[PDB]
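Chemist: Residue numbers (PDB author numbering): 140 to 493. We put the CB at the ideal spot given by N, CA and C, even for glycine. Supplied in structure tokens, the structure appears directly below.
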């Protein structure tokens, strides 16, 4: 099942003001947009122009949205029923999604960060038992979903934490100190600090059903079959204008417990650096065969990490900066219906690409 990532936009959805995050629903043909309004809107992406629902209750600006992504089929079916959001009012609001495609109620407001919350995520591995968030604080926080309690607070970076992406046991953070960290969620220890970005990191995504990506670069250079299948990976997007690929078992950061422990506390292990287009990279996604990305260069770009080439550019996508994109996850019977990407800009629009 190969795919099409292109055309001229076959839906353009008017939005109030600046789009901050765009996010697909797991099960239903509906997609959700967050903005500086401070509001969440809902659209059917199959049909247009569709004014399905609006959500109000944040004070200042909504900067991230999650609860849609899931780590399993059964978790999917139960998970798409909540929505979590992030804001510049220092709130993490928890919403209730209804079968009629809207949110009829806010369930919780969670308080505990002292500045701008700029990302939020549900822990899909735990069946929506916990929420992660990050902030201008310099802080990452973990919250009980069903009590609203703050349960773990990581203290890591010396500057603004911009993003948090979770993979069950592990936590990927990204920040203004030019650094990506991977922290172990149960202990609070950091396995990795990925150092070598030149400017602020805005973004992270983990790699999925495509650990066939080693074909391009083999790590360690020797005796691969011992530990090559155990490699976990992520991507960072930055104000560098560059996108990096990291495998994480070998850019583990040392704290120096002896001295230098092999290439640990050396240069980063970073697999590929994709050098492309013309402004700050706001987003980054794994398709499988390809990587997708968006940036302040008014553009959404398709990257072939086979040969490092950028195989297509959709630069007229927005007339201002592009803040976020989302791809639709392939699944049996839904193959062709999951043919979309959604994208949101500073030109106050959410756009559907087939």
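#1: If you draw a straight line from the C-alpha of residue 399 to the C-alpha of residue 390, how long is it?
#2: Closer than 7 Å by C-beta to residue 329: which residues in its own chain qualify, once you throw out the five before and the five after it? Chain order, please.
#3: Write down every uninterrupted run of the beta strand (DSSP E) in the segment 316 to 368 whose length is 3 residues or greater and which is fully enclosed by it, in chain order.
#4: Could you pull out every residue in the same chain whose Cβ sits closer than 6 Å to the Cβ of residue 306, ignoring the five residues on either side in sequence?
#5: On a CA-only basis, which of 441, 411, 437 and 407 is nearest residue 423? Give me that one, please.
#6: Helix, strand or coil: how does DSSP classify residue 214 here?
#7: With C-beta atoms as the reference, is residue 290 less than 8 Å away from residue 253?
#8: Taking all protein chains shown into account, do 16 or more other C-beta atoms lie within 10 angstroms of the C-beta of residue 212, making it buried, or fewer, making it exposed?
#9: Exposed or buried, residue 165, counting other C-beta atoms within 10 Å across all chains shown (16 or more means buried)?
#10: For a minimum of 4 consecutive residues, which ranges assigned as the alpha helix (DSSP H) are wholly contained in the segment 161 to 246?
#11: Is the segment 234 to 242 in contact with the segment 268 to 280, if contact means three or more CB pairs nearer than 8 Å?
#12: Please say whether residue 337 and residue 419 have beta carbons closer to each other than 8 Å?
#13: To the nearest angstrom, how far is the alpha carbon of residue 266 from that of residue 249?
#14: Mind checking which residues open and close the beta strand (DSSP E) that includes residue 421?
#15: From residue 215 to residue 268, what distance separates their C-alpha atoms?
#16: With three or more C-beta pairs closer than 8 Å as the rule, is the segment 297 to 313 touching the segment 352 to 360?
#17: Less than 8 Å between the C-beta atoms of residue 486 and residue 446, yes or no?
#18: Is the segment 143 to 159 close to the segment 468 to 476, with three or more CB pairs under 8 Å?
#19: Give me the Cβ distance between residue 463 and residue 159, rounded to the nearest whole Å; I'm assuming they're in contact under 8 Å.
#20: Measuring alpha carbon to alpha carbon, tell me which residue in 182, 379 and 189 is nearest residue 417.
#21: Straight-line CA distance for residue 430 to residue 325?
#22: Is the beta carbon of residue 349 within less than 7 Å of some heavy atom of the ligand GTP?
#23: Closest to residue 301 by CA distance: which of 202, 461 and 190 is it?
#24: Checking 8 Å against the spacing of the C-beta atoms, do residue 382 and residue 331 come in under that value?
#25: Classify residue 188 as buried or exposed, calling it buried when 16 or more other Cβ atoms lie within 10 Å of its own Cβ.
#26: Grouping DSSP H, G and I as helix and E and B as strand, with all else coil, what is residue 381?
#27: On the premise that residue 173 lies in contact with residue 179, defined as a C-beta separation below 8 Å, what is that separation, rounded to the nearest angstrom?
#28: What did DSSP end up calling residue 494 once you bin it into helix, strand or coil?
#29: With distances taken between CB atoms, is the gap from residue 226 to residue 197 smaller than 8 Å?
#30: Enumerate in chain order the residues of its own chain whose CB-to-CB distance from residue 260 is below 6 Å, with the five nearest sequence positions on each side excluded.
#31: Out of 299, 396, 141 and 171, which has the shortest C-alpha to C-alpha gap to residue 488?
#32: Identify every residue that forms a DSSP beta bridge with residue 492.
#33: By DSSP, does residue 475 sit in helix, in strand, or in coil?
#34: Rounded to whole angstroms, what's the CA-CA distance from residue 386 to residue 434? Just pull it up for me.
#35: Alpha carbon to alpha carbon, what distance is there between residue 242 and residue 262?
Modeler: Taking the definition as stated:
#1: Numbered from its first residue, the chain shown carries residue 399 at position 260. Numbered from its first residue, the chain shown carries residue 390 at position 251. Straight-line Cα distance between these residues: approximately 13 Å.
#2: As a working mapping, residue 329 is identified with position 190 in the chain shown. These residues qualify, in order along the chain: 295, 320, 321, 322 and 392.
#3: 319 to 323, 329 to 333 and 340 to 345
#4: As a first step, residue 306 must be located in the chain shown, where it is residue number 167. Contacts found: 345.
#5: Stepping through the chain shown from its first residue, residue 423 is reached at position 284. Residue 423 has its Cα closest to that of 441, out of 441, 411, 437 and 407.
#6: To locate residue 214, count along the chain shown from 1; it is residue 75. Three-state result, residue 214: helix.
#7: Here residue 290 corresponds to residue number 151 of the chain shown, with the count starting at 1. Here residue 253 corresponds to residue number 114 of the chain shown, with the count starting at 1. No, the pair does not count as a contact, with Cβ atoms beyond the cut-off.
#8: Here residue 212 is taken as the residue at index 73 of the chain shown, counted from 1. By the 10 Å Cβ count, residue 212 comes out exposed.
#9: Against the chain shown, residue 165 aligns to sequence position 26. So residue 165 counts as buried.
#10: 212 to 218
#11: no
#12: Here residue 419 refers to the residue found at position 280 of the chain shown. Here residue 337 refers to the residue found at position 198 of the chain shown. For residue 419 and residue 337, no; Cβs fall outside 8 Å.
#13: Working through the chain shown from its first residue, we reach residue 266 at position 127. Working through the chain shown from its first residue, we reach residue 249 at position 110. Cα to Cα, the separation comes out at about 19 Å.
#14: Within the chain shown, the letter at position 282 stands for residue 421. 420 to 425 is the extent of the beta strand (DSSP E) around residue 421.
#15: Against the chain shown, residue 215 aligns to sequence position 76. Against the chain shown, residue 268 aligns to sequence position 129. Taking the straight line joining both Cα atoms gives about 14 Å.
#16: no
#17: As a working mapping, residue 486 is identified with position 347 in the chain shown. As a working mapping, residue 446 is identified with position 307 in the chain shown. Not a contact, by the Cβ cut-off of 8 Å.
#18: no
#19: Within the chain shown, residue 463 is the residue found at index 324, counting from 1. Within the chain shown, residue 159 is the residue found at index 20, counting from 1. 7 Å between Cβ atoms; contact.
#20: As a first step, residue 417 is located in the chain shown; it is residue number 278 there, counting from the start. Comparing Cα positions, the closest option is 379.
#21: Along the chain shown, read from residue 1 onward, the residue named residue 430 stands at position 291. Along the chain shown, read from residue 1 onward, the residue named residue 325 stands at position 186. If I take the Cα positions, the gap works out to 30 Å.
#22: With respect to small molecules bound, the structure shown includes none, and the ligand GTP cannot be examined in it.
#23: Indexing the chain shown from 1 puts residue 301 at position 162. For the residues 202, 461 and 190, the minimum Cα distance to residue 301 belongs to 202.
#24: In the chain shown, residue 382 corresponds to position 243, counting from 1. In the chain shown, residue 331 corresponds to position 192, counting from 1. Here residue 382 is not near residue 331, since their CB atoms are 8 Å or more apart.
#25: Here the question's residue 188 lines up with position 49 in the chain shown. Flag for residue 188 reads exposed.
#26: By one-based count along the chain shown, residue 381 stands at place 242. In the structure shown, residue 381 adopts extended strand secondary structure according to DSSP, grouped into three states.
#27: Against the chain shown, residue 179 aligns to sequence position 40. Against the chain shown, residue 173 aligns to sequence position 34. With 8 Å as the limit, residue 179 and residue 173 qualify as a contact, their Cβ atoms being about 5 Å apart.
#28: No information on residue 494 is available, as it lies outside the stretch 140 to 493 that the chain covers here.
#29: Here residue 226 refers to the residue found at position 87 when the chain shown is read from its first residue. Here residue 197 refers to the residue found at position 58 when the chain shown is read from its first residue. Yes.
#30: Here residue 260 corresponds to residue number 121 of the chain shown, with the count starting at 1. Excluding residues within five positions, the ones whose Cβ falls inside 6 Å are 205, 271, 303 and 305.
#31: Here residue 488 refers to the residue found at position 349 when the chain shown is read from its first residue. Nearest C-alpha to residue 488: 171.
#32: Mapped onto the chain shown, residue 492 falls at position 353. Residue 492 pairs with 480.
#33: What you label residue 475 is simply residue 336 of the chain shown in a count that begins at 1. It is helical.
#34: Here residue 386 refers to the residue found at position 247 of the chain shown. Here residue 434 refers to the residue found at position 295 of the chain shown. The straight-line gap from Cα to Cα measures roughly 23 Å.
#35: Taking the first residue of the chain shown as 1, we reach residue 262 at position 123. Taking the first residue of the chain shown as 1, we reach residue 242 at position 103. Rounded to whole angstroms, residue 262 to residue 242 spans 20 Å at the Cα level.
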